[PDB]
Structure formats: structure tokens, C-alpha cells
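Participant: below is the sequence, then the experimental coordinates.
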Amino acid sequence: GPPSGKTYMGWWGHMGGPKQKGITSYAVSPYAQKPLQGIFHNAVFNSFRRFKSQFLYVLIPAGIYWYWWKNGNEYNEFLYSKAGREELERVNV
Amino acid sequence: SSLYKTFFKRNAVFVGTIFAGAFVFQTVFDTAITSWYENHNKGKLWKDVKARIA
Amino acid sequence: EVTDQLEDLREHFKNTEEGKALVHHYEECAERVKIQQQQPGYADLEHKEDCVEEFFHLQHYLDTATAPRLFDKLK
Amino acid sequence: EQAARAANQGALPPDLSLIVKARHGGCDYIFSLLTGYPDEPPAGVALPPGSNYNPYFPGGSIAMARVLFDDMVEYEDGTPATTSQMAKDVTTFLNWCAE
Amino acid sequence: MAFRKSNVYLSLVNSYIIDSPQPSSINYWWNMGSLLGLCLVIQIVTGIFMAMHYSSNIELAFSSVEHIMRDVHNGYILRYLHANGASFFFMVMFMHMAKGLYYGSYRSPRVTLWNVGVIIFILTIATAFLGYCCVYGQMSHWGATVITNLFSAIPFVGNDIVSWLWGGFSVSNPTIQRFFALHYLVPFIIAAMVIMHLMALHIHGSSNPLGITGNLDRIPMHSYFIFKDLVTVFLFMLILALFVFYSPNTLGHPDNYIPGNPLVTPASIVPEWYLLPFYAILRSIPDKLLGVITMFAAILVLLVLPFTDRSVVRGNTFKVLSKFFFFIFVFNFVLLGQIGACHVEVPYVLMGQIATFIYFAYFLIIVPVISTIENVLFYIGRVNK
Amino acid sequence: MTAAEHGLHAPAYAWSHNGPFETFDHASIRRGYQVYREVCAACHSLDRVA
Ligand SMILES: CCCCCCCCCCC(=O)OC[C@H](COP(=O)(O)OC[C@H](O)COP(=O)(O)OC[C@@H](COC(=O)CC)OC(=O)CCC)OC(=O)CCCCCCCC
Ligand SMILES: CCCCCCCCCCCCCCCCCC(=O)OC[C@H](COP(=O)(O)OCCN)OC(=O)CCCCCCCCCCCCC
Ligand code: HEM
Ligand code: HEM
Ligand code: HEM
Ligand SMILES: COc1c(O)c(C)c(C/C=C(/C)CC/C=C(\C)CC/C=C(\C)CC/C=C(\C)CC/C=C(\C)CCC=C(C)C)c(O)c1OC
Ligand SMILES: CCCCCCCCCCCCCCCCCC(=O)O[C@H](COC(=O)CCCCCC)COP(=O)(O)OCCN
Ligand SMILES: CCCCCCCCCCCCCCCCCC(=O)O[C@H](COC(=O)CCCCCC)COP(=O)(O)OCCN
């Protein structure tokens, strides 16, 4: 077939990024490393840092929507009781 | 030292040991679960009731 | 010789401190319904008072005390 | 179904092969229904003719009447056949019919 | 060259699951799309093995599903794995889509990939509805009644498309026989949308949680992301097995074990749990015609999101205000499901009218306004004048 | 709705088949069929059991 429209990604040898000069990388084999020394000092010390950074953006919305749900229940509980029969008659019509 | 050149090196060693070892795992694994299940619920089963009213 | 087990527990917990109060709140309320439609205006009135809620309050408590105990007495 | 209603004052008794799975509560509801008939309804409720009070039934008025009284069967193995005992067995038998 | 690169058929497998270049920093949220491919394989296989014992006639349908549960060897495993498998299929899709909302995967150059996804979501709601009716329980009969009668409000063609869907004058035997035949078909249309979906991903690749280019650091798929996908596959099967073998009727309704009876109505007619947010948007509008338009608009409003995001940064990683309002939208979607499982009663009518405004206002008023604010907040915090 | 229209909540008894490792008590099933044949079967069917 023919070539198609060009993209923002290529393949191995020509990936389309900028040219690199002056960066050096080092590594070691897995067979030469001690087994999984990365589970602990990571499930307590690091996992707590990750929790403390982001828990405020979830729990303030959750607190708003859960408080709104309970006040709706308790009011519906009350309207269909014997004490809340007179208020049920008004807010319907 | 020799625990690789005959036990792991090949993988006609290790497809054959895996597939062959999977069959004896099932028959041994099933007998052990079925014995623990029936002993944990002994007295409730039918064979225990049938043995109490002959 | 052996009477039913659930009435023995239902009667025992009606002497509970919580069980003594929930009885009389249902009774005093039964005496109120004796009159309110006995008066004229029998079936043309808009509504009239039952005592279903006071009966549910006693029954619900009596059921949370006898449920975890009963099946140890049955065979 | 025409003959079933003719013998029960218009109400139809359902099939019980799936009653444990087709009700909210399961085995706890079937048992409490049978042991839950009071001997006099609460003050105020006016029952239609041919119905009985059971507070576990939605509405509080059910066409079935009480059918379990003490020592109406004699068991082979010799267990005392009280009201609570017979109820525990039918609800265990009927769950096996569903599962 | 290697044989896997020169052969016509293996070259496609190599280019997609072996040598495909991937960003090194993608996290476990990028594993949900492989699970959705396993879900579709589970459903198509289990359903074909049940279809050998099923009967679609309205007098035989309910009793044929019980014949599968009692008489067929390993038949209760087939069904419960099928009924609970669909609830797991929808839960992984809500997480897949919410991921794209967060990291900006809908933006250019991946707009066409996001639009083919919205088509898959429509075809999967349709498939699940048609199969719930093949049971012909009490919820199966009255759910098809109230949904097919919504197309009666379309002006001048409403009463003719309903009699054409039903094949008569009510939900009846032509209705159940045609719902089963369409239900086998549509899963194979979904499988072709998935092929088109992957083709649109191969030309630009995946994004990453930082929202910048990934062409500077790439690793291949084989033995890094094949074995990272294997971690979540065995967790999926473990949690599914716990539901199929220990709690197989917790995510369903009891009234569907009663056979369908058109003379007796149930006290509460509700769908499955995953159509409840959309069932509550319908009841919020007090006019019949406008409620049907609004229910469908709630699915097609996802298509205007590439145009209302006015940010020069991709994703919500470095955005304070867009993080807070992403989670307002999530918990508003859960409250819509709760409202849809309640009675039409005070105050559950006003609660569902305010919460359906917050659903449409997020896409159209909130995103373009705070995205403009965040652009200008980055500028003045750095530039000295 | 009103509590009388929804019905009373059935309590939680301790059934011997509750739990992930427990079976039915098969002496109660046999004992329970006797209660079906002599009380219930006058007015109830069991059409799906062979
Ligand atoms: C009902 C049907 C569901 C069945 C499918 C279940 C799969 C759901 C997965 C949802 C998800 O994608 O959340 C991903 C998020 C992790 O984000 P991350 O890449 O930064 O963490 C990498 C980790 O640190 C390295 O962990 P590592 O690579 O070393 O090992 C992974 C292993 C856990 O290892 C441990 O012993 C503890 C470290 O297994 C797994 O973690 C399995 C994956 C859950 O998970 C989190 O831990 C935090 C987010 C909580 C999500 C809750 C909301 C969803 C409802
Ligand atoms: C059509 C509309 C579809 C909408 C469907 C909505 C329901 C979908 C439920 C899933 C919502 C969450 C999926 C989207 C989140 C993906 C991104 C993410 O991970 O969340 C951001 C947060 C922190 O991630 P970071 O900022 O650190 O990113 C860099 C990571 N290396 O990571 C987190 O902290 C995740 C915390 C999630 C907690 C909220 C759980 C939501 C489930 C509520 C269930 C309520 C009971 C049913
Ligand atoms: C131990 C014996 C019995 C058991 C366990 C039993 C079980 C049940 C159950 C579970 C229901 C349905 C309740 C509901 O839907 O909430 C029912 C309904 C009914 N049963 Fe029974 N049954 C028994 C015996 C009888 C007998 C002897 C009769 C004789 C007339 C009878 C007549 C009815 C009727 C008329 C209904 C319909 C209730 C209504 O529509 O209001 N039952 N039964
Ligand atoms: C995307 C794929 C599929 C989805 C999401 C899906 C969904 C469903 C659902 C939700 C039900 C009702 C479950 C219940 O409560 O019993 C159902 C029933 C059924 N489906 Fe599927 N289905 C899919 C594929 C298939 C296929 C390909 C077949 C092939 C015949 C099939 C055959 C059946 C049958 C026979 C039933 C009725 C038996 C039963 O109730 O389990 N399904 N389907
Ligand atoms: C049967 C249903 C689906 C299947 C099998 C599927 C499959 C996949 C796969 C394998 C990926 C690449 C890996 C990944 O990003 O997790 C992907 C990415 C993506 N999917 Fe889906 N998908 C499905 C449904 C959807 C839906 C419903 C949407 C949106 C409405 C969607 C939108 C996207 C987007 C935007 C991406 C790219 C994310 C990124 O690169 O950051 N897909 N899909
Ligand atoms: C981002 O990196 C990725 C990536 O991580 C992944 C996983 C994939 C691959 C992802 C997928 C989701 C795979 C696609 C899966 C499908 C399209 C599912 C298709 C499923 C079918 C067509 C079902 C086939 C089932 C049968 C034929 C049933 C057989 C039944 C029999 C034999 C029973 C016999 C009896 C009767 C009555 C017929 C990528 O393409 C990719 O991009 C590079
Ligand atoms: C959208 C539909 C899916 C399209 C296909 C994509 C998914 C790939 C399918 C799965 C891959 C398996 C392909 C087998 C690889 C070997 C092919 C091969 O050896 O090519 C052929 C022989 O293949 C055959 O005999 C028929 C193939 C049967 C296909 C089985 C269904 C060898 O031909 P070769 O490339 O060596 O050159 C000619 C030398 N005489
Ligand atoms: C009969 C069973 C069906 C199986 C075959 C599937 C074909 C269904 C077509 C689905 C259309 C998908 C459109 C969603 C994306 C829209 C956004 C976009 O810009 O993409 C569209 C993609 O459109 C198509 O996919 C149709 C091409 C035919 C496919 C032949 C393999 C841009 O391309 P296109 O030019 O085709 O659309 C604009 C028309 N001027």
C-alpha cells in the first residue's frame, strides 16, 4: 500500500523526539540484585506520603454528598411517621 | 550447581515436567479438599443420617 | 410436655427494663383508640389513629434479643 | 388456577419451589412469617372479611391463616414437634428446593 | 529478519503485543482495557454454551433457564459467571472512561479514539438490556414495557415504531423471540468496534500520567507490560470467583425469580444497578418527550468535551481546582444511582433535579471556566511586570 | 412509604448452613418434607421438584 498521513510517533530507530547529546545511563542485572528489597519501607513510609498528598481532594466532596444524603433520608423517615402527617399534607400539593 | 543444567536448562524438561506435574497435582489436591470438607461438616451429611436410622 | 421455645423467650424479655417501657406505651395508646371513632362520624372521617407504630417498636426490640439465642435451644 | 382460587376465597397460593430466592429476606422471612401471627391485631386496624394480620407481610393483611400448632405431627426420629421446630424444617427443606 | 516480522499474520501480533513502544511511566490504571477484552471473551463463550439449551418461546423461556440451573451439568456455573460477569464488565468500563477524563486522553490527537469508544458504550447498554428480557421474569416483562413505551412520545411516528418493536400490541411472544436473536448479534458488532478502536490507538500510541511527550523514554511490551497485565487478570478472576461461588444473587433483584405475569404489576420496577443513574435523569423532567431527549443527551454530551477544555496542559495532575471538581462529578454520579432506586417521594424529587443539573453543567459551564482561570494563574505567578 | 406498607424487618437467625464452609443439615430436610406432605401440600404445589 501507500504511506498514510504522518503522526506524532514513529518506531524503534526513529521515534520523533528531540536529539539527545550528553546523557549517560547505567543499570545492573536483576539476577545480580537481592530479591524484592522494595516492598517494605514502601508500604508504610512511602504509602503514607502518597495518601497525605491527595486525600483532601476526595474526602471534602465525599463529605458534602454523604451529608446531603442523610438529611434527605431522615426527613423522609419523618414525613411518613405519625408525628409528620400534617407536614406531609402541605408539601405534596 | 547441577540444579539448573538438568532441572531447568532445557524446556522440553520443563514443559514436560509442568504438564506431567499438573495431573498428579489435581488428583492429590482434590482428595485433600474433599477430606477436609466432609470432616468439617460431619454429622450433617446424608451418610451420617443414613447410618443413624437403619 | 415441651411447649414451644419462642414464647418462653418472648415472655422472658417482656420483663426486661427496655421491655417494661415498650408495653405500656402501646397500652396507653390502645385506650386512646377505644373512643375516637366510637364517637359519631364513623366512616366519613378523613383519617383515624392506629397503634401499628407502637406495636412495631415493641416487636422490633423483642426480635433483636431472641434471634441470636433461639436456634441453640432447637434441635 | 380457577379451582385454586375457588377454594381460598379468591387468593391464589403460589408455587414454593423458588420462594426462598424470590423474596427479600430469604430463610429469615419465611420463618418469621409463620411464627409471626399475633392472636389479636393491634388497636385500630380494620381487617377486611377473610384476612388475617401478620406484620411481616407488606400491608399487614394476608389471606393465609395460621397453620402451625404444637404436636400436629409426630416425627419418626422422636424430635419434639413444636411450632418453632416445624418451621425451621420446612424453611430448610424449601431452600434445598431452590438451591 | 525474524519470522515474526516478515510473516503477514505474525507481523500484526508483533506490532501490537510484543514490540509495541510504550511509555515507561504508565501506572495500573492503564490495565483496564486488557480486562475489558477478557470480559468480552468470557461473555461470548458462556453465552454460546447456554444457547444450546435455551428456548425463546414465551411459555418456555423461564423454565428453560431453570433447566439450565438444575439439569445441565455445570450449568449453574455457566449462568452465574454470565450474570455476574456483566456487572463486572460495566464496572471496569466506568473506571476506564473516568481515567480518560482525568488524564486528558480525549484531547487532540486522540479525538477519534474517544468517539469510537462512545459508540461501544451505546452498544453495550443495548446488549445488556436485551438479554435481561430473555429471562422473562417479572422485572424482565415490566422493564420492556416502560422502556418501549417511551418511543410513543416521538411526534407523528411514535405509535408506529412501538407496534413494530413489539411485533403486535403488547410485550408478547414475537417480542421475546426477536430480542434473543438480536442479542447474539450485537456482541459481534462490538468486537468489530474494538478492532477499529485499537487501530486508532496505534498511530499515536498511549499517553502517560505526566501529560508530556513519551518519545524520549520507551520500553517494549513483552515481559514488562505482559507480566504487569497478568497481575490484574488474576485479581479479576479471584474477585469474580468470590461472587459466583459464595454470593451469586447479591447483585440482582428477587422479583425476577417470579415468572412474568402481565396482570399483576410489581410494587417497584427498577433496572439493574448500572442503568440507575440514567433512569433517574429521565424521571427528573416532568414532560415525556423532553425526558427521553435528555436521557440520550446524557450519553452524547461526552462528545463536546474536546471543545470545552480550554487548557494548554493535558490532564489534571498539576491542577488544583480541576482535581476538586472531578470528584464532585464522581460522587454526583453515585447519588443519581441511589435516587433511581428510591420511590417518587419528597425530597427525592428535588434532589434528583439538582443533581442532574450538576451532570450537564460540568461538561458545559465548569470545565471551560476554571480551565481559563488556571491558564492565567500560571502566567502571572511567573511573569514579572 | 409508611412502615406498615413495607412490612416489618425480619431478624437474623443463626442458620447452620450460613457460612462459606457449611452444608445443609440433611436430617432437617428429611424432617421438613414430612411437614410439607402433612400440612402444606393441601394448598401448595412443588411443580419443579422431581
Ligand atoms: C470489582 C471488579 C474489580 C476487579 C479489577 C480490580 C483492579 C482494580 C485496579 C484499579 C486501579 O487501577 O488502581 C490502581 C492503583 C495503583 O496505582 P499505582 O500504579 O500508582 O500503584 C503502584 C504500586 O505502588 C506498586 O505496587 P507493585 O507493582 O510493587 O505490586 C502490585 C501489587 C500490590 O503489591 C503490594 O503488595 C502493595 C504495593 O498488586 C497490585 O497493586 C494490583 C493493582 C491494584 O490502586 C491503588 O492502590 C490506589 C487507588 C485505589 C483505587 C480504589 C478505587 C477503585 C474502586
Ligand atoms: C459516564 C460517566 C462515567 C463516570 C464513572 C464514575 C465512577 C467510576 C469510579 C472510579 C473513579 C476513579 C477512576 C478515575 C481515577 C483515575 C486517576 C486516579 O488515579 O485518580 C487520581 C488519584 C491520584 O493519582 P495521581 O494524581 O497521583 O496520578 C499520578 C499517579 N502516579 O488516584 C486516587 O486517589 C484514586 C482514588 C479513588 C477514590 C474514589 C473511588 C470512587 C468509587 C466510589 C464508589 C462509591 C460506592 C459505589
Ligand atoms: C407450613 C405450611 C405453609 C407454608 C410454609 C406456606 C407458605 C406460604 C408462603 C411463603 C406464602 C407467600 C407469602 C408471601 O408471598 O409473602 C403463602 C401464601 C399463601 N398460602 Fe401458604 N403455606 C403453608 C400452608 C398453607 C395452607 C395450609 C393454606 C390453606 C388455605 C395456605 C394458603 C395460602 C394462601 C391463600 C396464600 C396467599 C397469601 C396472600 O395472597 O395474601 N397456605 N404460603
Ligand atoms: C457483551 C456480551 C454480553 C452481555 C453484556 C450479556 C448480558 C446478559 C445479561 C445481563 C443477561 C441476564 C442475566 C440474568 O440475570 O440472568 C443475559 C442473559 C442471557 N444471555 Fe447474555 N450477554 C452477552 C453475550 C451473550 C451471548 C453472545 C450470548 C449467546 C447466545 C448470550 C446468551 C444469553 C442467554 C441465553 C441468556 C439467558 C440465560 C440467562 O439468564 O443467563 N449472551 N445476558
Ligand atoms: C469493550 C470496550 C473497550 C475495550 C476492549 C477497550 C480497549 C482499550 C485498550 C486495550 C486501550 C489501551 C490500553 C489502555 O489505555 O488501557 C484503550 C485505551 C483507550 N480507550 Fe478503550 N476500550 C474499550 C472501551 C472504551 C470506552 C467506552 C472509551 C470511552 C468512552 C474508551 C476510550 C479509550 C481511550 C481514550 C483510550 C486511550 C487512553 C490513553 O492512551 O491514555 N475505550 N482501550
Ligand atoms: C496498548 O497496548 C495493547 C494492549 O495492552 C493490548 C492488551 C492489546 C490487545 C487488546 C485486546 C482487548 C484484544 C482484542 C480482543 C477481542 C477483539 C475479543 C474478540 C473475542 C471473540 C471474537 C470471541 C471468540 C469466541 C468464540 C469463537 C467462542 C468459541 C465457542 C465454541 C468453540 C463453542 C462451540 C459450541 C457452539 C454452540 C458454537 C492491544 O491491541 C494493544 O495495542 C497495542
Ligand atoms: C481482523 C481478523 C484478524 C486478522 C488476523 C490478525 C490476527 C492473527 C491471526 C493469528 C496468527 C496465527 C497465524 C499463523 C502463523 C503462521 C502462518 C504461516 O506459516 O504462513 C504460511 C503458511 O500458513 C498456512 O499454511 C495457512 C495459515 C493458517 C492460518 C491459521 C488460522 C507460510 O508462508 P511464508 O510466510 O513462510 O512464505 C511462503 C513460504 N512457502
Ligand atoms: C455492518 C456492520 C458494521 C461493521 C463495519 C463498521 C463500520 C462502522 C462505521 C463507524 C463510523 C465510526 C465513526 C466514529 C469516529 C468519528 C470521528 C472521525 O472523525 O472518524 C471518522 C471515521 O469514519 C469512519 O470510520 C467511516 C469509515 C468506514 C470504515 C470502513 C472500515 C473520520 O473518517 P470518515 O471520513 O470516514 O468520516 C467522515 C466522513 N466524511
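Facilitator: All right, it came through fine. Numbering: from 1, shown residues only, chains lettered A, B, ... in the order given. Ligands and ions are numbered 1, 2, ... in the order given.

Participant: who's in contact with the residue nearest to residue D:64 when sequence neighbours are not counted?
Facilitator: Using C-beta to C-beta, 6 or more residues apart in numbering or on different chains and skipping the chain neighbours, the partner closest in space to residue D:64 is residue D:52 (7.1 Å). Using the backbone N, CA and C atoms, a C-beta is placed for each residue, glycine as well. With contact set as C-beta atoms under 8 Å, 6 or more residues apart in numbering or on different chains, residue D:52 has these partners: D:37, D:61-66.

Participant: just give me the neighbour total for the residue lying closest to residue E:64 once chain neighbours are set aside.
Facilitator: Excluding its sequence neighbours, the residue lying closest to residue E:64 (C-beta to C-beta, 6+ apart) is residue E:55, at 4.4 Å. When counting by other C-beta atoms under 10 Å in any protein chain shown, one arrives at 15 neighbours for residue E:55.

Participant: before we move on, what about residue A:56?
Facilitator: By other C-beta under 10 Å, neighbour count at residue A:56 equals 11.

Participant: any idea how far it is from ligand 5?
Facilitator: Separation of residue A:56 from ligand 5 (C-beta to the nearest ligand atom, to the nearest Å): 25 Å.

Participant: got the buried residues for stretch D:19-29?
Facilitator: D:19-23, D:25-29 (16 or more other C-beta atoms under 10 Å in any protein chain shown).

Participant: dump the contacts of residue D:52 to CSV, plus secondary structure and distance to residue F:30.
Facilitator: Shown next, in CSV, are those (DSSP: H, G, I helix; E, B strand; the rest coil; distance: C-beta to C-beta, whole Å):
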residue, secondary structure, distance to residue F:30
D:37, coil, 27
D:61, strand, 35
D:62, strand, 29
D:63, coil, 30
D:64, coil, 25
D:65, coil, 27
D:66, coil, 25
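
Participant: burial count for the residue of chain A found nearest ligand 7?
Facilitator: Closest residue of chain A to ligand 7, C-beta to the nearest ligand atom: residue A:1 (15.9 Å). Using other C-beta under 10 Å, residue A:1 has 3 neighbouring residues.

Participant: now do the one 4 residues further on
Facilitator: By the other C-beta under 10 Å criterion, the neighbourhood of residue A:5 contains 5 residues.

Participant: can I assume it sits in a helix?
Facilitator: No: if the criterion is DSSP: H, G, I helix; E, B strand; the rest coil, then residue A:5 is coil and not within a helix.

Participant: and the residue most central in space within chain F, what element?
Facilitator: The centroid of chain F falls nearest to residue F:32 when counting by C-alpha atoms, centre = their mean (9.0 Å). In the assignment (DSSP states H and E), residue F:32 maps to helix F:26-38.

Participant: of all residues in chain A, which one is closest to chain F?
Facilitator: residue A:80 (4.9 Å; C-beta to the nearest C-beta).

Participant: re earlier: farthest pair within the contacts of residue D:52?
Facilitator: D:61 and D:66 (14.1 Å; C-beta to C-beta).

Participant: more crowded one of the two?
Facilitator: residue D:61 (17 against 14).

Participant: and for the residue nearest to the more buried one when sequence neighbours are not counted, the neighbour number?
Facilitator: Once flanking residues are discounted, residue D:61 sits nearest to residue D:51: 4.5 Å by C-beta to C-beta, 6+ apart. Counted with other C-beta under 10 Å, the neighbours of residue D:51 add up to 17.

Participant: list of residues touching the longest helix out of those in chain A?
Facilitator: In chain A, taking DSSP state H as the definition, the longest helix is helix A:56-79. Helix A:56-79 is contacted from outside by A:84, A:87-88, A:91, E:323-324, E:327-328, E:330-332, E:334-335, E:338, E:345-348, E:351, using C-beta under 8 Å, 6+ apart.

Participant: chain center to it, what's the gap?
Facilitator: Centroid separation between helix A:56-79 and its chain, computed with C-alpha atoms, centre = their mean, to the nearest Å, is 22 Å.

Participant: next SSE after that helix?
Facilitator: helix A:85-92.

Participant: which other helices and strands contact that following helix?
Facilitator: Judged by 3 or more C-beta pairs under 8 Å, 6 or more residues apart in numbering or on different chains; DSSP states H and E, the packing partners of helix A:85-92 are helix A:56-79.
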